[PDB]
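What follows is one chain in structure tokens, specifically the form deposited in one PDB entry.
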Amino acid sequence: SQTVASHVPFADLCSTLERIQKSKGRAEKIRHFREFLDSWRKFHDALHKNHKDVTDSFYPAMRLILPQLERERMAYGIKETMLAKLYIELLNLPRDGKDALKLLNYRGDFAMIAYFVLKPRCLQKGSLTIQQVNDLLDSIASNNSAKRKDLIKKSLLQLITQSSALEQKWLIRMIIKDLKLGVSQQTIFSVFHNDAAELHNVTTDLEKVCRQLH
């Protein structure tokens, strides 16, 4: 009950973001984003067929696809260096080791390095819905607005331990706020809008046509 975001897995979104960035060309990129759009609406329909009158707000997902436009949540307070010490301990790898130093370096991006050491170690499924990921990102920003780095770590741990490595790859970019999709926000907005207006736009309905065009 309650929302679409509460029923769609975080994994679905990450699955899509992967297929987007991995593809060459604006065409295949749009196809994949549109797939997610279509999926979202399919969930909505299934909920209403099951008598749960949810809203189909895409915002829970849009806010993660375009994390650098996030303005409801405040700053995460998660410096990219804080992340390294957490992963070192989470699987208890030795400091100044092969994988330990790679994450302790700086600049593809940090997320691609974390994924490189997470893929063979798993602790995966994952489990989180999008709403729950959002709920945890909310708590991180709140813990940071209140100057509680300890609570940031705990909240952060909760996402990690419950996320697959692919899932973790994308969280990190959502936190750092650079997705690197290879498709602009302008087109994302267009596809999103065009998707809606192709559906919810009066074309041949005479009663609605006559009233509106006056």
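Numbering starts at 1 and runs along the sequence shown. By rigid core we mean the largest C-alpha set that fits within 1.5 Å across both forms.
In all of the other compared structures of this protein with flanking residues present, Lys85 is modelled, so it falls below the one-third mark for missing coordinates. Figure legend: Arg95 is marked as modelled in all of the other comparable entries of the protein, none of which omit it, let alone a third. Going from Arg107 to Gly108, you skip over 4 to 9 residues of the deposited sequence that the entry leaves unmodelled. Note on 188-196 vs 202-210: mean CA B-factor is higher in 202-210.
Looking at mean Cα B-factors across 73-81 and 129-137, the upper value is held by 73-81. Per the PDB record, residue ranking by Cα B-factor puts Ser142 in the lowest third of the chain. For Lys154, the recorded CA B-factor ranks within the middle third of the chain. Only modelled residues enter the ranking.
Annotation for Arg34: CA B-factor lies in the lowest third of the chain's modelled residues.
When the modelled residues of the chain are ordered by their C-alpha B factor, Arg41 lands in the lowest third. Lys52: CA B factor in the highest third of modelled residues in this chain (values from the PDB entry).
Not pictured, yet referred to below: the form deposited in another entry.
Note: rigid core superposed between the shown form and the other one; among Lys154, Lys180, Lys49, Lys177, the CA shift is 2 Å or more only at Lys49.
With the core superposed, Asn194 shows a C-alpha displacement of at least 2 Å between the shown form and the other one. In summary, the C-alpha positions of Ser6 and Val54 diverge in that other deposited form, ending up at least 3 angstroms farther from each other than in this conformation. Compared with the form shown here, the C-alpha atoms of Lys52 and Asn134 sit at least 3 Å farther apart in that other deposited form.
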